[PDB]
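*Asks:* PDB entry and its sequence, pasted below:
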Amino acid sequence: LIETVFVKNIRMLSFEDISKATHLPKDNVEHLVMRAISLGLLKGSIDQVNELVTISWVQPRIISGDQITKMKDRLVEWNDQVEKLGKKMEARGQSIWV
Amino acid sequence: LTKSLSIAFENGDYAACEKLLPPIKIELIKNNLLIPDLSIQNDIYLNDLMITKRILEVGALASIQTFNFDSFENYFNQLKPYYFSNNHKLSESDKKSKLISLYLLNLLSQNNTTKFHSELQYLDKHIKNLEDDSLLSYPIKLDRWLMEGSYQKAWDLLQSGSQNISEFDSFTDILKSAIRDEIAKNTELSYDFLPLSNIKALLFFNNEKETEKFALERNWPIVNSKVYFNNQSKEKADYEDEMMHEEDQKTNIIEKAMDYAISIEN
């Protein structure tokens, strides 16, 4: 449960996605989320009526070659968003950099 | 050549008229020089003027009927100076009323209403109460019924002009093709589902097969006998996003403030 949220760009999971992955009924999928937050492994708020768990905190956990690469990719993608914008702004208001 | 075009028109042959016309174009240069081109108009340049109107008049009516709309607009444009001026002295005739009626349909069947209404002024000055509307009412009624949006009144006016197989009918079928396209532009917003019997009804088909055939050509996805306008809307929106307009089409949050900033420092 903690693993899935962390590796996805989004910080929300459907309960149907939890149902498959931990192989549990839909009753216990909800209880698993409650228990996790009580443990303080994940933090957020629970929608039972959009059937989402929306996370704001992940507890720091192991690093592994696998995980090292997963975080690297996200930074390149976000690096692209920064880089191209600053060029939009440079081309704009050219007369004024004083 | 010159008098030969007249009687070829009269017989009912219009493939004959166009064949023979490129020879007479050379002699149309000769005729044009005889008149001063309407700087003053004698009864001698009146005699000349009739020769000049005659070649072009019979050429232009014939063009329609061989389905050379392109050639029709050329001949008609040539009449215009004689039509403009010297009214009530060999400028206005029965053929003129017929010829302008047909042209107004040309502009309308091309679907330029910019041009059609600007051409209508020019005619305001000429005949519309000096030879009243009796054949020119036809294109004007039609344009109005689609502006209010009534395609019922419009199809009827076309269908009863189809009774009259003359040359007015050659623009009527174009105009029935046009009513279909307009509706097919509208239906995207109007609905999301129509059964196939319902699509047929709006598009003025009497055959359910014929409806399916237009849909291929008009790119409507009918799946299990029901249409999906939401898909079509997407494709056309996608094309409009693709083209370079796009920073200030959307207008970026950042872009707004950058404008403000340099103005106060300039």
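*Replies:* Yes, it's here. Residues are numbered from 1 along each chain as shown, chains lettered A, B, ... in the order given.
*Asks:* gap between residue A:72 and chain B?
*Replies:* Going from residue A:72 to chain B by CB to the nearest CB, to the nearest Å gives 28 Å. Where you see a C-beta, it was placed from the backbone N, CA and C, and this is true even at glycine.
*Asks:* so that residue is in which element?
*Replies:* Using DSSP states H and E, residue A:72 sits within helix A:65-91.
*Asks:* Repeat that for residue A:55.
*Replies:* Element membership of residue A:55, judged by DSSP H and E, is strand A:52-58.
*Asks:* Contacts for that strand next, please.
*Replies:* Contacts to strand A:52-58, defined as CB atoms under 8 Å, 6 or more residues apart in numbering or on different chains, come from residues A:2, A:5-6, A:11-15, A:18, A:33, A:41-47.
*Asks:* Who's the closest spatial neighbour of residue B:34, skipping the chain neighbours?
*Replies:* residue B:48 (4.5 Å; CB to CB, 6 or more residues apart in numbering or on different chains).
*Asks:* Any buried residues in the strand or helix carrying the one you found, and which?
*Replies:* Using DSSP H and E, residue B:48 falls within helix B:44-65. By neighbour count on 16 or more other CB atoms under 10 Å in any protein chain shown, the buried set for helix B:44-65 is B:45, B:48-49, B:51-65.
*Asks:* quick one, the next helix or strand after that helix and helix B:44-65 angle?
*Replies:* Sequence-wise, the next helix or strand downstream of helix B:44-65 (DSSP H and E) is helix B:69-84. Here helix B:69-84 points in a direction 150 degrees away from that of helix B:44-65 (axes from the mean of the first three to the mean of the last three CA atoms, to 10 degrees).
*Asks:* And helix B:69-84, how far out from the chain middle?
*Replies:* Here the centre of helix B:69-84 is set off from its chain's centre by 14 Å, with CA atoms, centre = their mean, to the nearest Å.
*Asks:* Can you name every helix or strand that it contacts?
*Replies:* Under the contact criterion of 3 or more CB pairs under 8 Å, 6 or more residues apart in numbering or on different chains; DSSP states H and E, helix B:69-84 touches helix B:44-65, helix B:94-109.
*Asks:* immediately after the shortest one, which helix or strand?
*Replies:* Think helix B:94-109. Helix B:94-109 is succeeded, C-terminally, by helix B:113-125 (DSSP H and E).
*Asks:* And that following helix, what does it pack against?
*Replies:* By 3+ CB pairs under 8 Å, 6+ apart, helix B:113-125 packs against helix B:94-109, helix B:137-148.
*Asks:* Buried residues, the shortest one. List them.
*Replies:* By that I understand helix B:137-148. Buried residues in helix B:137-148 (16+ other CB under 10 Å): B:138, B:139, B:142, B:143, B:145, B:146.
*Asks:* In terms of distance to chain A, which of those residues ranks first?
*Replies:* Looking at these and their distance to chain A, the nearest is residue B:146, at 45.1 Å (CB to the nearest CB).
*Asks:* Just list the residues touching residue 68, thanks.
*Replies:* Answering for chain A, as no chain was given. Contacts here follow CB under 8 Å, 6+ apart; on that basis residue A:68 touches nothing.
*Asks:* Sorry, I should have been clearer: chain B.
*Replies:* residue B:18.
*Asks:* again, only using 10 Å
*Replies:* B:14, B:18, B:62, B:74, B:75 (CB atoms under 10 Å, 6 or more residues apart in numbering or on different chains).
*Asks:* Can you give me the neighbour number for residue B:213?
*Replies:* 11 (other CB atoms under 10 Å in any protein chain shown).
*Asks:* same deal with residue A:64?
*Replies:* Residue A:64 has 9 nearby residues by other CB under 10 Å.
*Asks:* buried ones in the helix or strand containing residue B:182?
*Replies:* For residue B:182, the host element (DSSP H and E) is helix B:169-190. With burial defined by 16+ other CB under 10 Å, the residues of helix B:169-190 counted as buried are B:170, B:171, B:172, B:174, B:175, B:178, B:179, B:180, B:184, B:187, B:188.
*Asks:* Pick the one among those closest to chain A.
*Replies:* Of the buried residues of helix B:169-190, the one sitting nearest to chain A (CB to the nearest CB) turns out to be residue B:188, at 31.1 Å.
*Asks:* Which residue, other than its chain neighbours, is closest to the closest one?
*Replies:* Nearest non-adjacent residue to residue B:188, counting by CB to CB, 6+ apart: residue B:229, 4.7 Å away.
*Asks:* my read: the one you found touches residue B:190, true?
*Replies:* Yes: the pair residue B:229 and residue B:190 qualifies as a contact (CB atoms under 10 Å) at a distance of 8.0 Å.
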